[PDB]
Each structure stands twice: as structure tokens, then as C-alpha cells.
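Visitor: One file: input15.pdb (PDB, C-alpha atoms).
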ATOM      1  CA  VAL C   1     -16.150   1.776  15.171  1.00  0.00           C
ATOM      2  CA  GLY C   2     -13.638   4.604  15.166  1.00  0.00           C
ATOM      3  CA  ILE C   3     -12.316   6.346  18.249  1.00  0.00           C
ATOM      4  CA  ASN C   4     -10.961   9.865  18.709  1.00  0.00           C
ATOM      5  CA  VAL C   5      -7.354   8.705  18.603  1.00  0.00           C
ATOM      6  CA  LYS C   6      -4.461   8.788  16.184  1.00  0.00           C
ATOM      7  CA  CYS C   7      -2.652   5.635  15.101  1.00  0.00           C
ATOM      8  CA  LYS C   8       0.898   6.145  16.335  1.00  0.00           C
ATOM      9  CA  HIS C   9       1.461   2.412  16.762  1.00  0.00           C
ATOM     10  CA  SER C  10      -0.656  -0.568  15.734  1.00  0.00           C
ATOM     11  CA  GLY C  11      -1.484  -1.704  19.229  1.00  0.00           C
ATOM     12  CA  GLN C  12      -1.419   1.627  21.012  1.00  0.00           C
ATOM     13  CA  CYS C  13      -5.051   2.070  19.992  1.00  0.00           C
ATOM     14  CA  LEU C  14      -5.831  -0.622  22.585  1.00  0.00           C
ATOM     15  CA  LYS C  15      -5.136   1.793  25.446  1.00  0.00           C
ATOM     16  CA  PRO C  16      -7.965   4.278  24.587  1.00  0.00           C
ATOM     17  CA  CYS C  17     -10.031   1.415  23.163  1.00  0.00           C
ATOM     18  CA  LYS C  18     -10.523  -0.184  26.574  1.00  0.00           C
ATOM     19  CA  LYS C  19     -12.015   3.180  27.518  1.00  0.00           C
ATOM     20  CA  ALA C  20     -14.306   2.806  24.541  1.00  0.00           C
ATOM     21  CA  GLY C  21     -15.407  -0.584  25.790  1.00  0.00           C
ATOM     22  CA  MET C  22     -14.404  -2.371  22.614  1.00  0.00           C
ATOM     23  CA  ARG C  23     -12.390  -5.530  22.029  1.00  0.00           C
ATOM     24  CA  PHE C  24      -9.214  -4.434  20.223  1.00  0.00           C
ATOM     25  CA  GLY C  25      -8.009  -1.284  18.529  1.00  0.00           C
ATOM     26  CA  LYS C  26      -6.434  -1.600  15.105  1.00  0.00           C
ATOM     27  CA  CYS C  27      -4.669   1.070  13.095  1.00  0.00           C
ATOM     28  CA  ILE C  28      -6.727   2.811  10.459  1.00  0.00           C
ATOM     29  CA  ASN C  29      -6.002   5.694   8.019  1.00  0.00           C
ATOM     30  CA  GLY C  30      -4.070   7.863  10.476  1.00  0.00           C
ATOM     31  CA  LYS C  31      -6.642   7.008  13.146  1.00  0.00           C
ATOM     32  CA  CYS C  32      -7.532   4.300  15.632  1.00  0.00           C
ATOM     33  CA  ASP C  33     -10.426   2.010  14.765  1.00  0.00           C
ATOM     34  CA  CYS C  34     -11.696  -0.470  17.323  1.00  0.00           C
ATOM     35  CA  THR C  35     -13.145  -3.899  16.762  1.00  0.00           C
ATOM     36  CA  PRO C  36     -16.385  -4.667  18.601  1.00  0.00           C
ATOM     37  CA  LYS C  37     -17.543  -8.057  19.819  1.00  0.00           C
TER
END
Write the structure described by the file as C-alpha cells, please.
Guide:
Amino acid sequence: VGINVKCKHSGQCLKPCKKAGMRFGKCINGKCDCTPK
């Protein structure tokens, strides 16, 4: 999916991910990638 966020913590990506409307937000190469349903 990919969101306009930076992976500071594997779990922090959840916070902007709920704004994305996705399920969870995992840490990707420096960035935050969300998991859809």
C-alpha cells in the first residue's frame, strides 16, 4: 500500500494508517507500508 510516513517504530505506522483506512501499518524500507484487508 505505502503511506506518506517514515518508519520510526514498527507499530507507529498504525497511527497514520488508521487515517489511511487500512488494517495495520508495518515498517518498510525507511517508510510505513500498510496492510489492506
Visitor: Which residues, named as in the file, does the PyMOL selection byres ((chain C and resi 13) around 7) pick out? Answer as a list in words.
Guide: residues 7, 10, 11, 12, 14, 15, 16, 17, 25, 26, 27 and 32 of chain C
Visitor: With distances taken over all atoms listed in the file, which of C:33, C:28, C:18, C:23 is nearest to residue 1 in chain C?
Guide: C:33
Visitor: I want to know what sits within 9 Å of residue 31 in chain C, based on all atoms listed in the file, with residues of the same chain fewer than 6 positions away left out; could you give that as a VMD selection string?
Guide: chain C and resid 2 to 8 13
Visitor: Specify as a list in words each residue included when the PyMOL selection byres ((chain C and resi 36) around 6) is applied to this file.
Guide: residues 22, 23, 35 and 37 of chain C
